[PDB]
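Colleague: One structure coming up, written as structure tokens, with questions to follow.
What follows is calculated from the coordinates using simple rules that are stated; it is not laboratory data. Note: ideal-geometry Cβ built from the backbone for every residue, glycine included; neighbour counts use all protein chains shown.
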Ligand SMILES: [Zn+2]
Ligand SMILES: [Zn+2]
Ligand SMILES: [Zn+2]
């Protein structure tokens, strides 16, 4: 009996940019993703999914280890992932699968096990040990640019200028002008061709493949025709306080980011404050973001076609997800940082082999990126490792939400200094005191900071997190309650590596409950 | 020439230190002349706690500088991941031989030793990274063989040496001596190993962990210590109306009242730990002081040798206990649960030379995890990045650093081990069988992972009888303490590699 | 300031197929290698280089760890390489260089660090830990066949039938017909393409690249026009004994190989004994073999072009070599097996940076495959690891053969049973007794078997190893001496990982001599 797994991981794709969910609420989608729509219609779409941390580094450690950031300790980009942790790659090998990966993991190696001069200590990060690279973005995007260059397209002196907007009158920033690279040499095409190459090599033998897409990560410019596909005026408006300073008044960490986030990190060549973008420009960006999205969908179309032609579609567990979200103007922020819901809320669509008993349904239960790894391993016939914080989602594909499933969503962020951003200057704390965790449900959200003020939100009254109730004596019992939940969640999720073992007079044994 | 002598007694309560009784205006109800010497020449810390219980957790913390939340040796019989740097490994790194006497009750790491390994057969064994120079060993064979080799005839069942004298003497709280003379006591044994080690060193610099088993039970003493102290001159137990009144406070208290047995505290006895009368509890307390005095006599022997050989003034001497003991407080026997008497332990530090703070009594909030950093940096080393604890040296200089902790912290995990199954009582799986405590001079907040929490007003209710955590009027305070506890957890997440960075320039490191 | 190493490693390319050396000897070359000729013209050609063991797995382990087989213990294909041993990848990372690699290493993993179900324990071998893979043959050649499918070429049901000769009923075996794959999709073009991709991605940044070719490894069939590039009539005749049995009678190990080697392992779909190929058939094979070589040369052309275009040629150390030789019908043998010189004799050409001071010259010092790794590491500024048996060749590019250079060549072969061949059933020995070592110089060769008769050859009279003297009482003193040399070698090359260390009153110390 052949079983395949296709993990599709996009980067920076928000939860609320999924047509199938828009349609269930009664809205007409403002973008098109027909191939995703097929996955959706044929599988289970998760409405309330979060990555348990951001940015890419931490988010991928959580995704590829089943561990919360509090256990995996890859707290930011550039911070080492301890190699004691069992990653998805190493686990799949232990059950006979070859862990093929396309994309990147943005992982910083363990310094105890590699030379200080290792080139990998020179970039944000590199591919996690334990996977087989079959199409790397590679440090500095070299895999891609080499591939562009070997395809006979002549790149500019400064290679990233392929993402300047086209035409010698066009200002960098939000744009309706295409990029300077053709769609047949887009990074999304690059990864897709690597998938097709790999799958064709396999020639019907069972596979695991992590298919990583860079998009819709910035820079926010798209190859033709995706640049003009959608109109600014059809995009939803950003949700924000009256001006950048009103937003900044909420919390010191909010202020650092409002005061520090640059347009140049989201639009190639652009200059100035991300927070000072006007509504018109955010709308345009947003439409470019929709283009990038639809290109991925066109791309998934090719991968699905090859599975159909080779009779593999019904043999394959396809999971579609993102590593993290993106502010996209919400609360005057660009990117993924801080405590706001849009940075953590990501899509999850799972299509079982065969005809899916819940095909087309929308699951409301609270899932977390740490759940993916246990799901895959259980589905391929293996055990969920003891150390994992996450739990297999497979019951959702069966009877439904287990009776003891989590009742709140959990996520974390660590803002200690790295080489390109120094929150600690703004916040005046040392690195071991720069974190927060979040506890959220249908009615409230509590953000607790290691050593700064807490935030509490009535999501019925204030669903966009504008009014901190945390200092209001009238809410003492409620904030108590949520602090207590958060505390119990920590206690219950201390490291589990060896805590199930026991010496006894009858020798070493294991406890299963 | 710098020496370190770490005396770790077992089960010795914070509030059985004469020096502190005297400062409080009381007449010591026991005598510890030698420890009294240390306190007079040194600093006594009055608010010191072990960050967990029982003996393997407490010692993992003590010997790694890590809270239970990071060392994960959450109970006796639960393995200690060997990734964690221990005191002995650290000492070797700064050129000290980590000589150890007694025991650490450490369960080894399954990933680095065979399942058939004999050490997975006992509660625990000496920790990797030390030089054993006098092992209680597993099953206490090191001691027993020493008794046998000294020519003392042992009974069929060896532990019957701690049956009380006389074939008509009732096992239990007893006024009769043990069936072994003091010259073959376990405390005499450990002391003889200590003296052998020290004399072998012949003046060369030294680290030594001098472990004693006492006042661990059984609560029975060699002559004359059985009689030395009187049950009429002991402090009364502080407890509720009856077992059930106390049981009713919390489901874990119920578990322990309902299950602690007398045989775990007096050899061959049986019946319930909770149902001892105040008369019996006081007799027990008399035996305990006896065993305490016997340790003091022993340390006299070890201190004497230090004086003779000119080493006393070079030797950082640290006196402490792995954990406390209820002694019938709250109808409990042992070191379990959340009550302060299981966690409050002694700490007395005598520096080299003349002590700037000789005889003084420190009030700052110290924790067992601080001991290791203290030793290491005293001998010229660094405090490892990974340690939750902090060096105590500033207290022996100018005093409490302006950024010292303002609360005490301690944890307890009560998952099923092979001789007690609290999961049956409280109906939780193992990963939810834990609590942490957060305590200052005014309140204490005991938070459970999956049972109702406890909150006490320490002024009005210094002995933890009236849970206030469900009083709506207390919402804001109970929040505050959950809030502190939550910040402590966040702030004390594992730090092994979280200080490193990659950069355009290569691998670097943040100090702050 | 800028320093590149390109290590080119071909497979099964004999040392006596190097035009530069043939011209030096006075012979008109029977094949063409202009691009290799350029390296020779500009660099140093070593006429007496050997691989210290065969076949692929073991030879590569030696090449890439600097260790003799007596120390790396990867004694055959399928046998694990202990990971305690430090390889080229790991060394390079420790001096700041990315260990990019193309091709394959056929390394069996270390079972103590990897699960028993790891799919890498299912193939002959896979890529060695420590290298970055930027162009894998992959297990099964999937990487290549994936790249052919994706180029739009329609592969047969049994993919490997691309190497059946052209035509409805051309007889498999030594052939003059082309293969059924166009040259634009040959394996040689695949490895090349991946090379160019890699270099184009680097974009001037210093690099290390292991550029591996599969050719001229069998099957012996070539894409058009390489199939008819050379004529049987012009190919050197095989050197062999009068008949197979006569060859067999020299030693039980030879007899086992004569009796078991099949034409199918060298011509795809062929049947019969490789031993029984007549000389016409062998000459045909030799011609096709030259076919594949010149295809490689053509390919090195494109790579050298790109270094020339980009101004990198003068900044690049280029080392050209092979993992092992090939009997190519000599002694009635096909493959790389036993003790004969042609299985071990391999090419080495080294072009230093700048204008080489020994350009064109031919070095005669005895070099071994183990010396390559130290050479590269010293040239890049690092140190020769203390464990290495090999020694740096850079003095040859400076003043010349060091005054204490080895005075003999050493190589080894272990013939314990593997899944696809079982010499233990022929020679009746247990696996720890199934080895030989060779010691050879310009005048004598000694072959020492662990548990079979030894062999001794006078190479002036009998340069082709036909007349074993080892049992002639008149050579007892000479055999003694060579056995004594062999013994002294074993003793002086015992594992050095930690033997330079000492405890002392002062603490831990190191002894440099
Ligand atoms: Zn990302
Ligand atoms: Zn203890
Ligand atoms: Zn080979």
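Colleague: Between residue C:184 and residue C:2, what's the calculated FRET efficiency when r is the beta-carbon distance and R0 is 30 Å? Round to 0.05.
Modeller: Approximately 0.35, to the nearest 0.05.
Colleague: Further question on the same structure: In whole angstrom, how far apart do the alpha carbon centroids of the stretch B:406-456 and the stretch B:220-238 sit?
Modeller: 32
Colleague: Still on this structure: What is the spin-label model distance, in nm, from residue A:239 to residue C:419 if the labels are put 7 Å beyond Cα along the C-beta direction?
Modeller: It works out to 5.7 nm between the two label points.
Colleague: May I ask for the distance between the Cα centers of the stretch B:80-127 and the stretch B:253-292, given as a whole number of Å?
Modeller: The stretch B:80-127 and the stretch B:253-292 have Cα centres separated by 32 Å.
Colleague: Between residue B:111 and residue A:504, how many nm apart are label points set 7 Å from Cα along the C-beta direction?
Modeller: Going by the 7 Å Cα→Cβ label model, 2.4 nm.
Colleague: Using only Cα atoms, locate the centre of the stretch B:172-190 and the centre of the stretch B:307-370, then give the distance between them in Å, rounded to an integer.
Modeller: Between the Cα centre of the stretch B:172-190 and that of the stretch B:307-370, the gap is 24 Å.
Colleague: Normalised radius of gyration for the stretch B:284-362, please: alpha carbon Rg relative to 2.2 N^0.38 Å, two decimal places.
Modeller: 1.39
Colleague: No solvent, one uniform scatterer per C-alpha: report log10 I(q)/I(0) for the stretch A:54-104 via the Debye equation at q = 0.16, 0.27 1/Å, two decimals.
Modeller: Log10 of I(q)/I(0), two decimals: -0.46, -1.05.
Colleague: On to the next question. Based on other C-beta atoms within 10 Å, arrange A:480, B:158, B:390 from fewest to most.
Modeller: Ordered from fewest to most neighbouring Cβ atoms within 10 Å, A:480, B:158, B:390 come out as B:158, B:390, A:480.
Colleague: For a paramagnetic label modelled at 7 Å from the Cα of residue C:249 toward its Cβ, which residues of the stretch C:467-506 fall within the zone defined by backbone nitrogen distances under 14 Å?
Modeller: C:467-468
Colleague: Roughly what % of DSSP beta bridges within the stretch C:1-469 run antiparallel, to the nearest 5?
Modeller: 50
Colleague: Please compute the average number of Cβ atoms from other chains found within 10 Å of each residue's Cβ in peptide A:109-118.
Modeller: For peptide A:109-118, the averaged partner shielding equals 5.
Colleague: Could you work out the mean count of beta carbons from other protein chains within 10 Å of each residue's beta carbon in A:136-147?
Modeller: Mean partner shielding for this stretch: 4.
Colleague: Something else now. List the extent of the Cα atoms of chain C along each of their three principal axes, largest first, rounded to whole Å.
Modeller: Per principal axis, max minus min of the Cα coordinates gives 80, 62, 55 Å.
Colleague: Sorted from largest to smallest, which semi-axis lengths in Å does the alpha carbon gyration tensor of the stretch A:399-442 give for its equivalent ellipsoid, taking the root of 5 times each eigenvalue?
Modeller: 35, 10, 8
Colleague: Provide the FRET efficiency to the nearest 0.05 for the residue B:122-residue B:93 pair, computing r from the beta carbons and using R0 = 30 Å.
Modeller: Between residue B:122 and residue B:93 the formula returns 0.55.
Colleague: Also, quick follow-up: Along Cα→Cβ, 7 Å out, is where each label goes; now give me the distance between the ones at residue C:355 and residue A:27 in nm to one decimal.
Modeller: Each label point lies 7 Å from its Cα, and together they span 7.2 nm.
Colleague: Let me know the mean shielding of A:73-80 by other chains, meaning the per-residue number of their Cβ atoms within 10 Å of its Cβ.
Modeller: Counting Cβ atoms of other protein chains within 10 Å of each residue's Cβ and averaging gives 5.
Colleague: Can you bin every Cα-Cα distance in the stretch C:89-191 into 10 Å intervals starting at zero and give me the percent of pairs per bin, rounded to whole numbers?
Modeller: Reading the bins upward from 0: 13, 33, 30, 17, 6, 0.
Colleague: Please give the FRET efficiency for residue B:139 paired with residue C:450, using the beta carbon to beta carbon distance and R0 = 45 Å, rounded to the nearest 0.05.
Modeller: 0.35
Colleague: Also, quick follow-up: Would you calculate a helix-derived [θ] at 222 nm for chain C, using -39,500 (n - 2.57) for each DSSP H run of n ≥ 4 and dividing by the full residue count, to the nearest 500?
Modeller: -8000 deg cm²/dmol
Colleague: Tell me whether the stretch C:241-337 comes out rounded, prolate or oblate; compute the Cα gyration tensor, take square roots of the eigenvalues as a ≥ b ≥ c, and use a/c under 1.5 as the rounded threshold.
Modeller: It comes out prolate by the Cα gyration axes.
Colleague: How large is the convex hull of the C-alpha atoms of the stretch A:470-513 per residue, in Å³?
Modeller: It is 86 Å³ per residue.
Colleague: Could you give the spread of the C-alpha atoms of the protein assembly as shown along their three principal axes, from largest to smallest, in whole angstroms?
Modeller: If we take the Cα atoms of the protein assembly as shown, the spans are 118, 95, 56 Å.
Colleague: Next question. Can you tell me what share of the DSSP beta bridges in the protein assembly as shown is antiparallel? A percent to the nearest 5 is fine.
Modeller: Once the DSSP bridges in the protein assembly as shown are tallied, antiparallel ones form about 55 percent.
Colleague: Below 8 Å between Cα atoms, with a sequence gap of 6+, how large is the relative contact order for the stretch A:145-224 in percent?
Modeller: Averaging sequence separation for qualifying contacts and normalising by length gives 34 percent for the stretch A:145-224.
Colleague: Same structure, new question: Hey, what did the stretch C:1-469 get for relative contact order, percent, Cα under 8 Å, at least 6 apart?
Modeller: Here the relative contact order equals 24 percent.
Colleague: Rounded to a whole number of µm²/s, how large is the Stokes-Einstein D of the stretch A:1-158 at 10 °C and 1.306 mPa s, given Rh as the Kirkwood radius over C-alpha pairs?
Modeller: For the chosen part, D equals 87 µm²/s.
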